[PDB]
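First, one chain by itself in structure tokens, the form deposited in one PDB entry.
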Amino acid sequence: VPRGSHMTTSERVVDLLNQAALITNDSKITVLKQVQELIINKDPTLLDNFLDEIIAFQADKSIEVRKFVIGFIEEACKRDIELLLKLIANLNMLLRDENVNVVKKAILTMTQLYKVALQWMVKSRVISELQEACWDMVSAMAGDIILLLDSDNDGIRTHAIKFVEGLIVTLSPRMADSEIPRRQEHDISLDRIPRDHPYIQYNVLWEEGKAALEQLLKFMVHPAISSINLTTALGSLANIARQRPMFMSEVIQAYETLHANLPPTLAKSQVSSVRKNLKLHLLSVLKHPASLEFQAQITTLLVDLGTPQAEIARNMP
């Protein structure tokens, strides 16, 4: 940037924001991403100051512009979770966008933010009436996304399944045999929530996690379940089983149920695609050290799906 070293960041930000106003196509997103980088990473003390100017783009007619805004909310809240107090309303309104691609981006962003918000609640020295209400909002929005499992749109259902997966994992404890993604080592989980916390109740969250899992297990035996939603749910269960092996039981049961009752509406190539994913996920659970207790059942299913013995062995310890 010419004469950049002579500018204040704030001046540069205002210049770029006005530039972005001049531009009437998607290339304005490149400008707005430069603004994002400056007020989130270079100088986050400017984040509050410029928040309304970025958030104003949520009304832009461009799909990609509104998706950009959702991503910005995500980064802004990771930098400073207290901004959720003034951005949860916008994020929930964006969940409700007329365009499904904007909706889907909002679901992925909530899948990132819910656990950040819950950590904030767990860590908070003191908790305001506004911060309580903000948690009520996050939690009700999590509930709305769980309800999107009954959307009439296949892509929204797929995204809702992934949000639900993340919720089950967050609201259950890590254990000795949990296989934890590198990225996620420091994410909050149930076991990190003090039993005597003045506001967040361990027992309530435990029940919501179990109820979230039940909703997913019910969804999977729904007679009209699509090929993509069923393969998504199968992979979600395998992830859950590996990160939270106290539910491995529930996962193997779902897999046996699906294997004995394939949803009749799946077309021939859809049945094959699903069956291939069932086998993949069974092999994946078998490799997990906690699958000790389920190995005879897993092996039987795998032999039924035609897996050669040599392939089963290759996936054993």
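Only residues modelled in both forms are compared. We call the rigid core whatever largest set of C-alpha positions still superposes within 1.5 Å between the two forms. Numbering starts at 1 and follows the sequence shown.
The same protein has a further form, the form deposited in another entry, not shown here; the description that follows concerns it.
Core-aligned, does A260 move its Cα 2 Å or more between the shown form and the other one?
No, its C-alpha moves less than 2 Å.
Fitting the rigid core first, would the Cα of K279 be found 2 Å or more away between the shown form and the other one?
No, because once the rigid core is superposed, the C-alpha of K279 moves less than 2 Å between the shown form and the other one.
Which residue ranges, three or more long, have every Cα moving by 2 Å or more between the shown form and the other one relative to the rigid core?
Three-plus residue run displaced between the shown form and the other one: 287 to 294, uniquely.
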